[PDB]
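Here's the structure, in structure tokens; my notes come after.
Residues: numbered from 1 along the sequence shown.
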Amino acid sequence: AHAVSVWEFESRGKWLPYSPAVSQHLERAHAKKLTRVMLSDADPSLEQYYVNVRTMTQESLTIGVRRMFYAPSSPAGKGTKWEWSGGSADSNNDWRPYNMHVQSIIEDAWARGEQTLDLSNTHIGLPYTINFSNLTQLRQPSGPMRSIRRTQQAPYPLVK
């Protein structure tokens, strides 16, 4: 009887998740039937990110935005996320979320004990292989290998 609401934006043909706090801010505005939202209101570093809820777009330009529902059992619903690292090897400063669906598939393969998950099968156009024994993402064919991680996160907004 419940779902969590994950707001997403378009980034290179990937529908990436906004953070829990930003999704929580967007959801409250949708609930109040508002049209315009400034994302800095929920995350002060999102400088002049303007989301129009009627056209379902974000300007900061061309970008699409959507509101998606996921189950309580998804990573979004359970308070956990899978991210990959953005710039040197054992660098921890620039982390990035995978598409929420991909996070669920990674979580599911991790939980079932897979040694490896080839994201190019599943879905896509994500030529990456995840290795759970060393927690990395390998750009096919043979790298870069970037660190991935599973961390606790706040709950996304709950819905009827």
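Ionic pairing of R66 and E10 is not present here: no N-O contact between side-chain nitrogen and carboxylate oxygen is shorter than 4.0 angstrom.
Take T129 and apply the side chain to side chain donor-acceptor pair (under 3.5 Å) test, not counting sequence neighbours, and it matches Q140. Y128 is linked by a side chain to side chain donor-acceptor pair (under 3.5 Å) to nothing, counting only residues two or more places apart in sequence or in another chain. Residues meeting the side chain to side chain donor-acceptor pair (under 3.5 Å) test with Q103, sequence neighbours left out: none. In this structure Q153 satisfies the side chain to side chain contact (heavy atoms under 4.5 Å, CB included) test together with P20, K81, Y156, sequence neighbours excluded. Take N92 and apply the side chain to side chain contact (heavy atoms under 4.5 Å, CB included) test, not counting sequence neighbours, and it matches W95. Every residue two or more places apart in sequence or in another chain that forms a side chain to side chain contact (heavy atoms under 4.5 Å, CB included) with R54 is listed here: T35, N52. Considering only residues two or more places apart in sequence or on other chains, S88 meets the side chain to side chain donor-acceptor pair (under 3.5 Å) condition with none of them.
Legend: salt bridge (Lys or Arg N to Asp or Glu O under 4.0 Å) pairs involving residues 42-53, not counting sequence neighbours: none detected.
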Would you sort out whether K14 and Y98 count as a side-chain contact (heavy atoms from CB on, under 4.5 Å), showing the intermediate values? CA-CA 9 Å; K14 289 177 180 76; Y98 286 89; over 6 Å; no
Solution key, residues 110-117 side-chain donor-acceptor pairs under 3.5 Å, sequence neighbours excluded:
| residue | atom | partner | partner atom | Å |
| --- | --- | --- | --- | --- |
| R112 | NH1 | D108 | OD1 | 2.4 |
| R112 | NH2 | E114 | OE2 | 2.8 |
| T116 | OG1 | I130 | O | 3.3 |

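With contacts defined as side-chain heavy-atom distances shorter than 4.5 Å, the pair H101/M68 does not qualify. Within the 4.5 Å cutoff, side-chain heavy atoms of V4 are placed close to those of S74.
Residue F69 is found in a hydrophobic cluster whose other members, listed by chain and number, are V159; membership requires side-chain heavy atoms under 4.5 Å apart, directly or through intermediates. Hydrophobic cluster membership of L46, counting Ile, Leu, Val, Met, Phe, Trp and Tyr whose side-chain heavy atoms lie under 4.5 Å apart directly or via other members: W7, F9, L16, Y18, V22, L26, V37, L39, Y49, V51, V53, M56, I63, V65. Under a 4.5 Å side-chain heavy-atom cut-off, the cluster of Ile, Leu, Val, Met, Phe, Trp and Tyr residues that includes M145 is completed by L138.
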